[PDB]
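Form deposited in one PDB entry, single chain, as structure tokens, below.
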């Protein structure tokens, strides 16, 4: 429909202009970078470099490309200045087979990066074994051969070095043991799964290991279930918990890094549901505020009650669970429920991914399909 497209372009233009006008009363920080190629994935690397005698530091982000088969794809590392504000630079490009659907660094060895790539292969790169800019086609340290179709689920086990979980559109979850010692710069190793789960009946959208329990894996799917897997058990059995969490597709799961029982799901039904693992079959609460499918989900690494979500409504929302149930005035209620702390409306296309900065409080990096990287911080008046 042409009229729909005309209206969408007009409303995005008007909303952006209204957003820019109110930025000074919303943010302590907004940095905008136009990327040469759009990225489906983003993750802060864990290192921070103070520049002494200066009011900034240097931090780094993992990006990828998705040319869609035209040109060479790349895993990239961007260096960004942050106030203790201005520049970005791609400090490393590593050739990559196909779209970078997701990229994640190994928590115990940040120079190792796993990706989800061409036709379902996952890839391992040791970025210290690659130059800053390389001529040819991809030469990964390892290809993980297992999925038969492209995928977006990818998570390292933070309590078992080299243990990786993937999930893809073939409805399969793979578990892997990546041993970096066998790597060389010469040739690509072939790794195959140590276990496969066939526990979903539709695309597997997200997997995540429990941060404090090495054998607990959570997964969510287009089949509308949230499942909790015990990784020590018979892979052919049913998962210990199958939860009918939403009535529409579930795109993301996120386990709270402070409260071991608290878990969030994000769904095409426009909501985020909260779950307690000790009564997993009815939800604790529904976070309502998005106007379209919710895709991205990440707990704050610094504050137990703070959750961020992103949506095809082009907003990133920050939720403060301590404000649940709090009395509102009618004029305040016009903005939505009280637990909706902050809305970031600076993007102008669909949000691909976002990531909380681990070295700065209240800093998010978020990407949209129109090549825009934004690094922002809501005003301390709002969150203090």
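Positions refer to the first chain, counted from 1. C-alpha atoms forming the largest set that superposes within 1.5 Å between two forms make up the rigid core. Shifts are known only where both forms have a C-alpha.
- Across the other PDB entries of this protein whose models span the neighbouring residues, residue 340 is modelled without exception, so it is unmodelled in far fewer than a third.
- Omission of residue 331 is seen in a third or more of the other entries compared for this protein where the adjacent residues are built.
- The gap between residue 184 and residue 185 holds no unmodelled residues of the deposited sequence.
- The stretch with the higher mean CA B factor, choosing between 131-139 and 206-214, is 131-139.
- Comparing 174-182 with 222-230, the higher mean C-alpha B-factor in the PDB entry belongs to 174-182.
- The PDB entry assigns its highest CA temperature factor, among 153, 257, 83, 305, to 83.
- Take 165, 262, 88, 168 and read off each C-alpha B-factor from the entry; 88 has the highest.
- Ranked against the other modelled residues of its chain, the C-alpha B-factor of residue 344 as given in the entry falls in the lowest third.
- Sorting the modelled residues of the chain by their CA temperature factor places residue 246 in the lowest third.
- Among the modelled residues of its chain, residue 356 has a C-alpha B-factor that falls in the lowest third, as given in the PDB entry.
- Annotation for residue 39: C-alpha temperature factor in the highest third relative to the rest of the modelled chain, per the entry.
- Sort the modelled residues of the chain by CA B factor and residue 193 lands in the lowest third.
Keep in mind that the form deposited in another entry is not shown, yet the notes after this line are about it.
- Among the residues 291, 71, 137, 187, the single one whose Cα moves by at least 2 Å between the shown form and the other one, once the core is superposed, is 137.
- Core-superposed comparison between the shown form and the other one: the C-alpha position of residue 11 differs by no less than 2 Å.
- Relative to this form, in the other entry the C-alpha atoms of residue 134 and residue 129 approach one another by 3 angstroms or more.
- A decrease of at least 3 Å in the separation of the C-alpha atoms of residue 134 and residue 180 is found in the other entry, compared with the displayed form.
- Regions where at least three consecutive shared residues each shift by 2 Å or more at the C-alpha between the shown form and the other one, after core superposition, span 6-11, 132-138, 334-336.
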